[PDB]
J.: 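Got a structure for you, written out below as structure tokens; questions coming shortly.
In what follows, chains are A, B, ... by sequence order, proteins preceding strands, each numbered from 1. The analysis underlying the following values was restricted to heavy atoms, covering all of them including side chains, and did not include hydrogens, waters or symmetry mates. Each ligand, and each atom within it, is numbered from 1 in the order the structure gives.
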Amino acid sequence: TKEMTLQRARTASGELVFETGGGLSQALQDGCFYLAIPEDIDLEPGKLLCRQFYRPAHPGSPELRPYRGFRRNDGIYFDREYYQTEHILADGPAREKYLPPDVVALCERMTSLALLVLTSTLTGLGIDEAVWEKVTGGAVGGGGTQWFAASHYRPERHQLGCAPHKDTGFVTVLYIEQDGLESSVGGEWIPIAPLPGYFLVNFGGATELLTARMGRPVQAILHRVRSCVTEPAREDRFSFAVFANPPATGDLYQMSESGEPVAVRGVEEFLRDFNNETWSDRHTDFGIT
Amino acid sequence: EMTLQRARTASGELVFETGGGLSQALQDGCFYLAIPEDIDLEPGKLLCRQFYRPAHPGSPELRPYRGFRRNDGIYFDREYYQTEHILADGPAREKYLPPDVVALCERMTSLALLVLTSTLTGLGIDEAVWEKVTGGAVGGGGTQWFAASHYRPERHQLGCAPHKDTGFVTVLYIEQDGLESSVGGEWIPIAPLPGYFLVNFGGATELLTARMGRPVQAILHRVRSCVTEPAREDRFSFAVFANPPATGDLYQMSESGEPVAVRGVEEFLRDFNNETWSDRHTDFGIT
Ligand SMILES: CC(C)C[C@@H]1NC(=O)[C@H]([C@@H](C)CCO)NC1=O
Ligand SMILES: CC(C)C[C@@H]1NC(=O)[C@H]([C@@H](C)CCO)NC1=O
Ligand SMILES: O=C(O)CCC(=O)C(=O)O
Ligand SMILES: O=C(O)CCC(=O)C(=O)O
Ligand SMILES: [Cl-]
Ligand SMILES: [Fe+2]
Ligand SMILES: [Fe+2]
């Protein structure tokens with residue numbers, strides 16, 4: 001199966017500019033697109049954490065020490081019983097408390113790109129700016145919950161890489177380097193290829209619910225990581241991503257066809273249903289508290 | 001465990017024993033239905049204890065209840081889950097299952113249709129549109145599925161993938177603990193109640209009623225990992241489902257009460273399979 005042919009965008013003076021002809025219209029219909037990584041970003045702190053977080057703090061250099069030992073942190077480390085993936089998931093405060101400052105710096109840059117995509121999309125959908133803070137639970141302006149994930153795919157386990165899921169928030173900005181990610185398009189798993197120098201952007205369940213009654217609804221793509229098999233001298237698969245989410249204590253909104261925001265359900269119960277159908281393991285507070 | 005409504009049969013009417021009645025059952029998305037006293041459940045329990053066994057060794061009487069792991073059309077060995085199951089529509093049951101089992105399935109399917117018509121009536125949906133929005137399932141058409149599930153305890157996995165049933169109405173037989181439902185975000189066990197089927201609704205009922213005054217939800221459920229052996233036998237279950245045909249469209253009652261086709265059934269089912277099972281049986285419940 002051939003990979004998806006997605007739109008490609010770049011940021012130019014804080015505006016989203018599309019290099020491919022379909023533009024933001026086609027990208028929203030696809031539910032995902034590639035976003036050029038701003039040339040000044042150093043990705044190496046994120047890759048370093050993805051290569052080290054699951055290793056013991058000792059033995060090893062004192063320089064790598066703040067990048068290791070995270071399997072001990074019950075607050076932000078998640079060993080998945082049924083999948084190859086183990087991952088850090090940390091909100092803003094948790095990143096500043098537990099992750100190296102160069103990683104925190106990288107997350108802040110990725111978060112700004114996620115917010116840029118969010119405001120571009122809301123504008124593209126003709127949603128009144130006056131309701132942006134309310135319908136995003138504050139996420140649009142850097143509030144809400146700004147999640148970070150660092151994933152390591154453990155090849156020694158004969159399991160699927162990542163549970164099939166829809167992301168739960170508004171916008172995801174994802175870094176990948178290896179094959180393995182797939183999306184459900186028309187009922188068939190289509191690979192999403194890594195594009196060097198680009199993030200992958202998609203939308204989450206909160207954007208799907210928000211726009212489900214509009215003229216051009218935006219979908220949250222259903223995606224998984226297939227079982228990862230080691231290729232000699234190729235490193236284990238990893239990924240890292242930031243997500244702009246509504247806070248778990250609030251409500252999810254949906255635009256009525258008359259253009260009015262309606263609070264339709266609580267975020268926390270939505271996330272709990274998500275955890276139950278996606279992971280179904282002991283980490284029942286994952287992404288909530 | 002949940003405190004569900006209980007109903008029993010009475011001349012082709014659904015009669016509720018408990019005070020919440022049909023209204024509360026539709027709110028819960030599930031309830032217990034008394035098994036008609038004349039029904040023999042043993043053909044179903046027998047198939048559930050035999051279908052995964054080799055044709056031989058064993059008695060010639062049990063042979064038609066065995067050897068289904070070689071039937072590529074109706075047998076599904078799950079990679080990531082303890083469950084292995086038969087899934088057969090009407091014709092396949094006719095063609096591959098013992099008549100005693102086909103007869104029990106017909107009796108369960110009739111109950112599923114009784115529930116479906118009681119639910120469409122209780123929601124005030126016009127009877128003139130029943131055949132259109134159910135793809136013929138309300139009157140015994142569409143696709144009437146049967147599942148026979150065996151939970152392999154030697155597999156150290158979840159018992160059953162968490163899922164919402166895909167159709168309109170499910171009638172399920174269980175005898176052992178293990179089944180759980182997601183209520184208010186928490187996994188709550190659904191206990192086996194002797195002499196009762198479990199009834200719930202599927203994605204098609206949820207989508208159909210999502211924008212009415214009293215939407216009916218399709219309960220999210222799973223089967224925990226089944227602990228290996230000691231004395232008790234392996235867990236099993238069997239059930240029938242009234243589904244829209246894969247070739248049709250899923251409908252939804254509008255704000256004004258008129259049916260609108262919102263998406264195709266097959267693409268709905270393929271998405272379901274991809275997120276629920278995510279294995280090679282990509283035509284499960286479609287072909
Ligand atoms: C694969 C995993 C690491 C991330 C995955 N994607 C999501 O968007 C959410 C995160 C943001 C938590 C909030 O729900 N949940 C998930 O499971
Ligand atoms: C657990 C399995 C045996 C049955 C389970 N429940 C459903 O309703 C459907 C069936 C009816 C097939 C059509 O989708 N799919 C499922 O996976
Ligand atoms: O690792 C991947 O490619 C997918 C990661 C992902 O889906 C997520 O973090 O939510
Ligand atoms: O085995 C059970 O208890 C549930 C089975 C089920 O959910 C199904 O067949 O759809
Ligand atoms: Cl239900
Ligand atoms: Fe994801
Ligand atoms: Fe089910």
Side-chain angles (χ1 to χ4, degrees), chain A residues 50 78 80 83-91 145-153 161-183 191-192 194 200 202-206 220-226 228 237-246 248 267-268 270-272 274-275 278-279 283 286-288, chain B residues 48 82-83 85-87 145-151 159-167 170-181 190 192 198 200 202 219-224 226 235-241 276 285:
Chain A
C50 286
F78 299 90
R80 297 313 192 149
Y83 300 98
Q84 303 183 309
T85 181
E86 59 188 334
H87 40 255
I88 292 174
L89 176 81
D91 71 348
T145 308
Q146 305 289 338
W147 287 116
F148 166 73
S151 293
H152 169 235
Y153 295 85
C162 188
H165 61 281
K166 302 180 178 182
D167 290 346
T168 56
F170 295 105
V171 170
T172 305
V173 176
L174 170 73
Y175 185 75
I176 54 170
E177 279 181 15
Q178 297 186 14
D179 296 324
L181 180 66
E182 305 175 333
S183 178
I192 296 182
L200 182 74
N202 58 267
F203 304 93
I221 54 158
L222 174 64
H223 54 284
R224 64 174 195 181
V225 181
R226 63 179 177 259
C228 295
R237 189 171 191 282
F238 67 86
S239 72
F240 58 89
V242 299
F243 318 77
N245 271 240
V267 178
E268 175 174 352
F270 173 91
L271 294 171
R272 288 192 184 285
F274 172 91
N275 289 345
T278 302
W279 299 109
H283 308 289
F286 172 80
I288 298 164
Chain B
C48 280
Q82 301 187 308
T83 180
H85 38 259
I86 284 175
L87 182 81
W145 289 111
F146 167 74
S149 293
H150 167 240
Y151 295 89
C160 188
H163 65 280
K164 300 178 180 187
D165 292 339
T166 58
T170 302
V171 178
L172 169 72
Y173 183 79
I174 53 166
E175 272 172 24
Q176 298 137 116
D177 297 319
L179 181 62
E180 303 184 326
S181 186
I190 300 187
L198 187 68
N200 61 264
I219 56 157
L220 174 67
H221 47 283
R222 71 172 185 176
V223 178
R224 305 183 300 258
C226 296
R235 193 174 189 285
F236 65 94
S237 73
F238 56 94
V240 298
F241 315 78
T276 303

J.: How close do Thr172(A) and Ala241(A) get, heavy atom to heavy atom, and via which atoms?
T.: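 Looking at all heavy atoms of both residues, the closest pair is CG2-CB, 4.3 Å.
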J.: Hey, do the aromatic rings of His87(A) and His152(A) have their centres closer than 6.0 Å?
T.: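 Centroid separation for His87(A) and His152(A): 6.0 Å or greater.
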J.: Going by the order shown, which atoms of ligand 3 are within less than 4.0 Å of some heavy atom of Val225(A)?
T.: 1 (O), 2 (C), 3 (O), 4 (C)
J.: Taking only heavy atoms of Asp167(A) into account, list the atoms of ligand 3 that are under 4.0 Å away from them.
T.: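 Here the atoms of ligand 3 in question are 10 (O).
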J.: Check each of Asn275(A), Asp167(A), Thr172(A), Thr168(A) against atom 9 (C) of ligand 1 and report the one with the nearest heavy atom.
T.: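 Nearest option to atom 9 (C) of ligand 1, by heavy atoms: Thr168(A).
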J.: If you measure from OG1 on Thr168(A) to CZ on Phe270(A), what distance do you get to the nearest 0.5 Å?
T.: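 It is 6.5 Å, given to the nearest 0.5 Å.
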J.: As an exercise, identify every atom of ligand 1 less than 4.0 angstrom from a heavy atom of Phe286(A).
T.: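 Going through ligand 1 atom by atom, the ones under 4.0 Å from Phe286(A) are 15 (N), 16 (C), 17 (O).
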J.: Side chain, backbone, both or neither: which part of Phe78(A) has a heavy atom under 4.0 Å from ligand 1?
T.: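 Under 4.0 Å from ligand 1, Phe78(A) contributes no heavy atoms.
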J.: Kindly give the heavy-atom pair with the smallest separation between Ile219(B) and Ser181(B), and that separation in Å.
T.: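 For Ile219(B) versus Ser181(B), the nearest heavy atoms are CB-OG, 3.8 Å.
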J.: Should the pair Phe78(A) and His283(A) be assigned to parallel (<30°), tilted (30 to 60°) or perpendicular (>60°) ring geometry?
T.: perpendicular
J.: Which of the atoms of ligand 1 are close to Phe274(A), meaning less than 4.0 Å from one of its heavy atoms?
T.: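 Contacts of ligand 1 toward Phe274(A), numbered from 1: 15 (N), 16 (C), 17 (O).
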J.: Considering the heavy atoms of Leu181(A), write down every atom of ligand 3 situated less than 4.0 Å from one of them.
T.: 3 (O), 4 (C)
J.: How close does the nearest protein non-hydrogen atom get to atom 1 (O) of ligand 3, and which residue and atom is it?
T.: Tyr153(A) OH, 2.5 Å
J.: Considering non-hydrogen atoms of the protein only, which is the closest contact for atom 6 (C) of ligand 3, and what is the distance?
T.: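 For this ligand atom, the closest protein heavy atom is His165(A) NE2, 4.0 Å.
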J.: Please confirm whether the backbone N or O of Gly161(A) pairs with a side-chain atom of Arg224(A), one donor and one acceptor, at under 3.5 Å?
T.: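 Here the side-chain-to-backbone pair does not exist.
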J.: Specify the protein heavy atom at minimum distance from atom 12 (C) of ligand 1: its residue, its atom name, and the distance to 0.1 Å.
T.: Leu89(A) CD2, 3.9 Å
J.: What is the minimum heavy-atom distance between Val267(A) and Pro246(A), and which atoms define it?
T.: CG1-O, 4.0 Å
J.: Roughly how far, to the nearest 0.5 Å, is the CH2 atom of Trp145(B) from the CG atom of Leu87(B)?
T.: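 So the CG of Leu87(B) and the CH2 of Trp145(B) are separated by 4.5 Å.
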J.: Would you mind listing which atoms of ligand 1 come within a distance below 4.0 Å of any non-hydrogen atom of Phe243(A)?
T.: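 Counting atoms of ligand 1 from 1, those under 4.0 Å from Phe243(A) are 6 (N), 7 (C), 8 (O), 11 (C).
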J.: Any side-chain heavy atom of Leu174(A) sitting closer than 4.5 Å to one from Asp167(A)?
T.: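 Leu174(A) does not reach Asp167(A) side chain to side chain.
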J.: Give me the nearest non-hydrogen protein atom to atom 17 (O) of ligand 1 as residue plus atom name, then the distance to 0.1 Å.
T.: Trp279(A) NE1, 3.0 Å
J.: What atoms in ligand 3 come closer than 4.0 Å to a heavy atom of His223(A)?
T.: 7 (O)
J.: Could you see which bit of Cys162(A) sits under 4.0 Å from ligand 1, with heavy atoms only: side chain, backbone, both or neither?
T.: side chain
J.: Under a heavy-atom criterion of less than 4.0 Å, does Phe241(B) contact ligand 4?
T.: yes
J.: Would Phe236(B) and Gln176(B) satisfy side-chain contact (heavy atoms from CB on, under 4.5 Å), going step by step from the backbone distance to the final call?
T.: CA-CA 8 Å; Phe236(B) 65 94; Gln176(B) 298 137 116; 3.7 Å; yes
J.: Taking the side chain from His223(A) and the backbone from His165(A), do they hold a donor-acceptor pair closer than 3.5 Å?
T.: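 Side chain of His223(A) to backbone of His165(A), a donor-acceptor pair under 3.5 Å: yes, one is there.
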J.: Pull out every atom of ligand 1 sitting under 4.0 Å from any heavy atom of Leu271(A), numbered as shown with elements.
T.: 14 (O)
J.: Report the part of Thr85(A) in contact with ligand 3, treating N, CA, C, O as backbone and CB onward as side chain, heavy atoms under 4.0 Å; options are side chain, backbone, both, neither.
T.: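 Neither; no heavy atom under 4.0 Å.
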J.: Which residue owns the protein heavy atom closest to atom 3 (O) of ligand 3, what's the atom, and how far is it?
T.: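 Looking at atom 3 (O) of ligand 3, the protein heavy atom closest to it is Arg237(A) NH2, 2.9 Å.
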J.: Quick check on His85(B) - does any of its heavy atoms sit under 4.0 Å from an atom of ligand 4?
T.: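 Checking ligand 4 against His85(B), which is what was asked, there is no heavy-atom contact under 4.0 Å.
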J.: Counting each atom of ligand 4 from 1 as listed, which ones have a heavy atom of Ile174(B) under 4.0 Å away?
T.: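 Selected atoms, number and element: 3 (O).
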J.: Output the list of atoms in ligand 3 that are nearer than 4.0 Å to some heavy atom of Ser239(A), sorted by atom number.
T.: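 Those qualifying, in numeric order: 1 (O), 2 (C), 5 (C).
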J.: Quick one: pull up OH in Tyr173(B) and OG in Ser237(B) and give me the separation to the nearest 0.5 Å.
T.: 11.0 Å
